[PDB]
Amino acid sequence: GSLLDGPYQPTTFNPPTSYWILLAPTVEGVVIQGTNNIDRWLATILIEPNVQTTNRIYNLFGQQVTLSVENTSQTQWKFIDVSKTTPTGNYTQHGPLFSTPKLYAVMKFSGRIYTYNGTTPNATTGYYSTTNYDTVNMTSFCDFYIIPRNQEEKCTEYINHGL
């Protein structure tokens, strides 16, 4: 794919703005985490199908965090954005994406971190307003690709329909 740079291996990096980071995880757990080290700690976790409400432990920024999660779906995996605004506070859950292809994407743009949400094949975007957004450093725990924003409809197509 001429619009799909990669695959790249799990790494810690400061993504450039206006680029979608297309994530291709395999198992349940932490997909990606990122922070500005001031007032936003954001991660995305992945939940396999058929998970009744339960406490699960996730390794987030080097510590054990217990979260109450669920995936009702039988056919779709669930991405959940988790976010805290202070180093010592609680994570809250936002912008879930129920996904058949098992693909996710994040982007730093216009004061925000954008992710996908909703239900494939009709997924939309949401965002998290982030102080000094372009400073956000990210660790991907899975293989990933890069797509420019000017080709967002293509990133959206990948999110909805897979590679």
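Position 1 is the first residue in the sequence shown; the rest follow in order.
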Highest mean C-alpha temperature factor of the two stretches 20-28 and 151-159, which is it?
151-159
Mean C-alpha B-factor comparison - 103-111 and 66-74, higher one
66-74
Top Cα B factor in the deposited entry, candidates 44, 50, 130, 135:
50
Top residue by Cα temperature factor, when 117, 54, 33, 36 are compared in the entry
54
